[PDB]
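# Structure of the sequence below:
(chains A, B, C and D)
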Amino acid sequence: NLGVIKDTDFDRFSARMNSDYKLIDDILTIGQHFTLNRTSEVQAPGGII
Amino acid sequence: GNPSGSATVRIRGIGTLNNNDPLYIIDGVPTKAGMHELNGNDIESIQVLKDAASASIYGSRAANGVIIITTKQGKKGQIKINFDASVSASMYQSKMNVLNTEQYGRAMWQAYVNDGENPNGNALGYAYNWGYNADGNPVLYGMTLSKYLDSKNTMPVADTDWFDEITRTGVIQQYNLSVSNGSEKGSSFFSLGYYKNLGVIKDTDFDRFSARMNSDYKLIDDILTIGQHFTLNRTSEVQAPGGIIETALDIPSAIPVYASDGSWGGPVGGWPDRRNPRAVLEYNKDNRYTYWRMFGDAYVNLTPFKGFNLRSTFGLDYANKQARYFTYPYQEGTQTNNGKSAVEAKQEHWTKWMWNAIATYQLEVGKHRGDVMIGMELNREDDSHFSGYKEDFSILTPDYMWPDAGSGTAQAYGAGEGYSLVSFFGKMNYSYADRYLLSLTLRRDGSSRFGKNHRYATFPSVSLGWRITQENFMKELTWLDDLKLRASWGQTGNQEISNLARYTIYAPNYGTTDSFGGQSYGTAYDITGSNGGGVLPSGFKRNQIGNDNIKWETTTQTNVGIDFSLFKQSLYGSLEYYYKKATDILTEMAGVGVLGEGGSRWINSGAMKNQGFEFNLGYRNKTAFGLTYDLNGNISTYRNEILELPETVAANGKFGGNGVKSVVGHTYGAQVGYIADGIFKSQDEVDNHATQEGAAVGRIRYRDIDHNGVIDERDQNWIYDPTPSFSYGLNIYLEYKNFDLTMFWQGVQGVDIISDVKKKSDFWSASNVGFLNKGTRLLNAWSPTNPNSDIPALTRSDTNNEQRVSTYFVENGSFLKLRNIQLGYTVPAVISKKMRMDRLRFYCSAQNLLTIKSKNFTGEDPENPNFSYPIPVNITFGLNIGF
Amino acid sequence: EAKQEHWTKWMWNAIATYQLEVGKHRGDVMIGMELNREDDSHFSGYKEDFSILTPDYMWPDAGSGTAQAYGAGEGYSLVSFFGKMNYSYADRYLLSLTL
Amino acid sequence: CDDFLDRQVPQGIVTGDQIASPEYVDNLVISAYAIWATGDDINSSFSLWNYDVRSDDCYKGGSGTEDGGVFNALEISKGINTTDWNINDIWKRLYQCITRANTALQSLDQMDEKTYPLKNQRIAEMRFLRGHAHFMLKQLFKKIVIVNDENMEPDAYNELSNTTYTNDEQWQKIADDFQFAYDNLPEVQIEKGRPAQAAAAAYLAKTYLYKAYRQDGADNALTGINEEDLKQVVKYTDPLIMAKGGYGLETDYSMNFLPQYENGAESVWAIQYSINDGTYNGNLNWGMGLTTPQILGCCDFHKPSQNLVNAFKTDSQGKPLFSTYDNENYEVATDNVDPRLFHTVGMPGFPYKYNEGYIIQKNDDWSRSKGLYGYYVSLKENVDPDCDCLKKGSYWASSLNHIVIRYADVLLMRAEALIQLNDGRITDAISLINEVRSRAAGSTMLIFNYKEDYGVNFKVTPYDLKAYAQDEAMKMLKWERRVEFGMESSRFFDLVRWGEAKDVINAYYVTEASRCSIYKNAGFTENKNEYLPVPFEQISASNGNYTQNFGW
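Numbering: from 1, shown residues only, chains lettered A, B, ... in the order given. The relevant structure is shown in the block below.
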């Protein structure tokens, strides 16, 4: 995203892994949820409008 | 025996003068740093590409060989789940023997009566009652200590065991868990982990958490396949300080670990300035760092028609490291840091990412198959760090000492680095009969540290091999099963040169940093004659000067190998021979004379060559006793030479001989020194010998080489080369009914080492400061009463120069030690299957249990004779639940 | 100024639910505990009076002027126990109690 | 994707292509200035302060006897090695300043005259600094390699020799940049750090007067003295160009060696040392980090000799005793002395830097060596301990702005020029040295209150207006240059300039063998020990392109 005010922006990368495994007639179940982001924002200054 | 378990790795012996760590590859994405923080249990196969014509494909940076690692995956139609564990114990075995208070007084008395000076006029609190025997030799009758250590009665005297004071038994824990999956269209895997180690030296540890997720999904009849590999670690290590074994050797044993009150004891007067090692370990307790780390992979597969794949991965390697290093005020007699408090709060960051797009082809017509593939590659490294500093804190605890609760001065640091790379490669294969194999590669590559004159570098390779048992003229040899010849010729060369090798660095250097002696190469220069006020102008001094013609360190390595297999698939093993020759080694040379400041130009000239043999073997056979054995083993051989070194860098001895002999012709790291062949046992040795400077009844003799009364510096020869022959290993596996035993043996024969505990344990005055504690071998030194020892006499001053490099400080470093032995016991079928599980195990093992050495070594550990972290004995009592 | 902040949370909980259906009545009772821990941080740096004015020369080692440093640290913890219940008795009259 | 490769820039540093940019100037000239203040070791000062202890005036100030070792070999002129390290250090430390000046000059090509009207002034300043360092190195070794071009690549710095230029050509190449500075320097600079027209005139006079004494061959012996350049010497020292700028004579001899006023009329071009100026401990004079005596804790180096003190003692007529002075111990309580004795050297029973609480005694607190070197302190480069001048960053250093060129220096060189010309204009040089003696006589206004509590008598009576003999006035001006320039590193170079140096040094050795214990075994050989030898490592690295000094 590149903002309407000059020289401010934002960009986000992401990922996600989800799974689960049920083993013995549904008496043992292991699962997980994971996320990983990276944002990089140049901030607008104070009182620019 | 560092709890992190880091390792110094060399492949095919020493290859280059500067840095030569190999290149690890974990699921496509490379990294040159780590593997003691990675989860070391999600391992599927470890290829090691020792060659250069087989490792030339992976990069220019594969001059030191690449270690290909892959991780696990989901099998088809299985849902298995394992659960490992271990609880261990670490015990200390390699304690160097030191002399306690009575032997210390006896050694001091012996030194003072070998001087002839009255021993009772010493600075320490000792009393000697002695006399003269009728045979002229002085005999010590009575020896009596004092009560306190100083006049003010602050420190009592005792007999403290330092290597028993900083050492504890350290427990070692371990856990694991692993779940798999797998169908005809997808697969998954998901691990966990924990590993906690508490070192044998007090107040050092290590612990690692981990995770792993792997999967892949194939969509439309295997024309679209997406997968991933991810890892996430967290290590947290408290580091041992610098020189804590040497400090535990140095301090005399009369010093107590505590004062009259609860404070630490110290050398209050006369005794030499050595800090209390228990205090050093008690203050380096909370310098804990924290290290996170991630991986990544996202490969996309696509087959347009048939037998023709595409690929596009994307790596990722992030890792940060947060620390907070404290310093404290201390007071032990005269040992005082002047009442200083500070805290430094470091932070480092790394980042890599790759991208590559290969495209392979596969055809099989007639009796010919081939595989051609092409693809490019990208890379980018973006490192960093910064820091902080504060001073003069009030309360002294690791949670009050954050940089906002301070009062004193402050500083700040920081830097930033970089790298880039872009390349193109290729490969080919051919068999034509299933007899004559052939493969050709070529990789064009250009980095971002190479000079402006040439960006892209080319690296060719030719490799061919052909079988024997498929030829029809060898069918009469029926007991043989397979025999394969192979030969190869490659050309690789790394690029681990400095990042500023082509840039002609200029730097500000205002002079805020400290320089002792008043050198202080600054750029301030107050003009207008103000003499005050911090508003001075600034300028630029030159740091160094770069050439534009820098270049990679190319190696051309050949290879000849022989395979075999016999006796209905037994006695398998290989036999290889190799000859590598690096041709452009970088040496930074100082600027001559009129160039002035900043003349350090990096040039590349120098050459090494290595050659040797490898021979592995393995015999697996079930006997009629009701037993099954397996004996793998290997024997290596290594030989080095430096071909040519350019300039006076060969003369002063940065690499080899200690400034007196050229290195060119000999091996790398070879030291050159005197030859010591015995003691002046008789009186007529003062004129049987030839013009010795220091000649007494001790004072080891040095042989003449010129035979001209030469005790000059023209009698040194090559006495020490650290490249041993005959390095070997052996793995032995046993299988009785319902039992299993695994043993191991590893060793090397014909090693020379340079011991520096021998200088501490054979001479009374060899180090700089006096009255240091020693090792208790010198108590049986040469005397008129005991003429039957090779240990020289105990003098108080270095009259004859005995601290020279000589053959007296060269031992036989050959050994053979058992690395581990492990006994297991598999629980049988129906008892395990009653609990709805597959496999159960209750094993026991112990590491580093014994060692055997030669006669020619008076020490404690033939691997590291010097003052490093010791090797402890582990004993493990673990299990292995497998569902 | 070269700031850096860090956060860290971790929880652990162990519920244990029950489920029964007899007659025309169903119910679901569950109990469990919970844990938490927050470990925040930050620190900083500062330098002054640089010579060249670009975002890559202005790292805190290429300066000349005065310097400062900052930093702090925070914390939190929690531990609890809970419960829940359900009831219908006819598929008409629903009821739930927590604590 | 070649554009992906050229996307990373090095961090935290400036590379070598934007360093030649026209906007990052007025930084390299200050950097080339700043190597004179900082950039010297405590064993090797840029005042040439340790390399003149062999000049009949210093006992080297040894705390121990052989704590320097090679310095004691240098002061005895016996057993000095070609592979010594002080020689290679002073060689490298002068060529570093040469390197900075050449880099500033090489950057100053790319400017214009449209927005930058100070190109000639900055080029003159950098050429002046380069010529000054080259003149100092020619004073040291006298067979050196001169780089003069600014656009010379580093690939051919190694392929340079010193035999390609003989001695008059070397002195002319030194005179080139000084004359170009005299072409384009302003008369008055507003800041006192930068040099002016008078400084360029004084250094042109120095270079020409050293060019006058001809050498003519590999032997370092005196030959027929050239008169041709003496017209340029007396042209480039005319007093109206020294009056322009206000550089004159101060009221007291104890004025310029006092830190409460630094820049005066005698300060032609000083070396600016400062304190509390943003950096770690201040740009202090770390070269004189050992000259402070045993009052502050260390290091009692550089104590003056007894022969200089006997050279201070005058008679009841107000004249120096012509070689009848060393026979008696010079004492203020017996006869008349010169008042600059109390300015230069502190005697036992006298205030240290005019501090009545620090009267000098002969105990251990003024000399670590008990009787091996005596009890003397130097006051030319030391201050009182109640200064803000002092700060102990492991060494006590002063912020006194050290002066290389004074008005008395250019006056006595003008006198030397007029007596060596000797074409009728002899008596005006006699009048000039009489003005200098009258200034020295009327300079006592600080220690003249010590006649009551101690008892002193001093008078410097000037001579009459008569053309004397040539050799008598030569000896008179040599005596005046010895008594004025004590402890200011200007004795050995004048002895080797006049040529008659070996005999007087051997006479000093045989008359000071009874004074010091180490001087019992001494010797100064002819044609070998005048200049310092070329260091062995530079000759070895040059692959024979360099050469060796004569007799080595």
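# what's the burial count for residue 36?
Let's take chain A. Number of residues near residue A:36 (other Cβ atoms under 10 Å in any protein chain shown) recorded here: 15. (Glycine included, C-beta is placed from N, CA and C.)
# sorry, should have said chain D
Neighbours of residue D:36 under the rule other Cβ under 10 Å: 20.
# ok, now which ones touch it?
By Cβ atoms under 8 Å, 6 or more residues apart in numbering or on different chains, the contact set of residue D:36 is B:525, D:46, D:97, D:129, D:271.
# elements contacting the one helix or strand residue D:438 maps to?
In this assignment (DSSP states H and E), residue D:438 forms part of helix D:427-441. Where contact means 3 or more Cβ pairs under 8 Å, 6 or more residues apart in numbering or on different chains; DSSP states H and E, helix D:427-441 is packed against helix D:407-421, helix D:470-484.
# Now that we have the contacts of residue D:36, which of them are buried?
Buried members of those, counted by 16 or more other Cβ atoms under 10 Å in any protein chain shown: B:525, D:46, D:97, D:129, D:271.
# Identify the bridge partners of the last one.
To tie it back to what came earlier, the one meant is residue D:271. residue D:402 (DSSP bridges).
# quick one on the thing from earlier: and the helix holding residue D:438 with helix D:470-484, angle?
30 degrees (axes from the mean of the first three to the mean of the last three Cα atoms, to 10 degrees).
# From the rest of the structure, what touches helix D:427-441?
Helix D:427-441 is contacted from outside by D:249, D:253, D:338-340, D:408, D:411-412, D:414-415, D:418-419, D:459-463, D:465-468, D:473, D:476-477, D:480, D:484, using Cβ under 8 Å, 6+ apart.
# let's go with 6 Å and repeat that
With Cβ atoms under 6 Å, 6 or more residues apart in numbering or on different chains as the contact definition, helix D:427-441 has outside contacts at D:249, D:411, D:415, D:418-419, D:460, D:462-463, D:467.
# neighbours around residue D:259, how many?
Counted with other Cβ under 10 Å, residues neighbouring residue D:259 total 17.
# Please name the residues that touch it.
Residue D:259 is in contact with D:383, D:389, D:400, counting by Cβ under 6 Å, 6+ apart.
# redo that, cut-off 7 Å
Residue D:259 sits next to D:383, D:387, D:389, D:398-400 when contact means Cβ atoms under 7 Å, 6 or more residues apart in numbering or on different chains.
# State the distance from it to residue D:75.
When Cβ to Cβ, to the nearest Å is applied, the distance between residue D:259 and residue D:75 equals 30 Å.
# Show me which residues of the stretch 151-300 of chain D sit near chain C.
Contact residues (Cβ under 7 Å from any Cβ of the partner chain) of the stretch 151-300 of chain D with chain C: residue D:278.
# tell me which element residue D:506 is part of?
helix D:502-512.
# after that helix, next one along is what?
In N-to-C order, the element after helix D:502-512 by DSSP H and E is helix D:536-541.
# Figure out how far that following helix is from the centre of its chain.
How far helix D:536-541 lies from its chain's middle: 27 Å, per Cα atoms, centre = their mean, to the nearest Å.
# Now it: buried residues?
Buried residues in helix D:536-541, defined by neighbour count with 16+ other Cβ under 10 Å: D:536-539, D:541.
# Need the three-state assignment for the residue of the stretch 101-250 of chain D found nearest chain A.
Ranked by Cβ to the nearest Cβ, the top residue of the stretch 101-250 of chain D for proximity to chain A is residue D:115, at 31.0 Å. Assigned state for residue D:115: coil (three-state reduction, DSSP: H, G, I helix; E, B strand; the rest coil).
# neighbours around it, how many?
Neighbours of residue D:115 under the rule other Cβ under 10 Å: 7.
# Tell me which residues touch it, please.
Contacts of residue D:115 (Cβ under 7 Å, 6+ apart): none.
# Ramachandran angles for it?
With angles defined as degrees, to the nearest 10, residue D:115 sits at phi -110, psi -10.
# Could you do residue D:345 as well?
Residue D:345 adopts backbone torsions of phi -120, psi 140, taken as degrees, to the nearest 10.
# what's the burial count for the closest residue to chain C within the stretch 301-450 of chain D?
The nearest approach of the stretch 301-450 of chain D to chain C comes at residue D:393, 18.4 Å away (Cβ to the nearest Cβ). Around residue D:393 there are 17 other residues, counting by other Cβ under 10 Å.
# close enough to count as contact, it and residue D:281?
Yes: counting by Cβ atoms under 7 Å, residue D:393 does reach residue D:281; the two are 4.0 Å apart.
# Can you tell me, leaving aside adjacent residues, what's nearest to residue D:6?
Take residue D:6 and drop its neighbours on the chain: the residue closest to it by Cβ to Cβ, 6 or more residues apart in numbering or on different chains is residue B:448, 7.9 Å away.
# and stretch D:328-338, how far from the chain's centre?
Mean-position distance between stretch D:328-338 and its chain equals 29 Å (Cα atoms, centre = their mean).
# Any chance of a PyMOL selection covering the buried ones in the contacts of helix D:427-441?
In PyMOL, this line selects whichever of the contacts of helix D:427-441 come out buried by 16+ other Cβ under 10 Å:
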select buried, chain D and resi 249+411+415+418+419+460+462
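# Show me which of the contacts of helix D:427-441 is closest to residue B:56.
Using Cβ to Cβ, residue D:411 comes nearest to residue B:56 of those, at 77.9 Å.
# Could you find the closest non-adjacent residue to the closest one?
residue D:436 (5.8 Å).
# Just give the number of residues close to the one you found.
21.
# Ok, residue D:37 next?
Residue D:37 sits with 25 neighbouring residues when counted by other Cβ under 10 Å.
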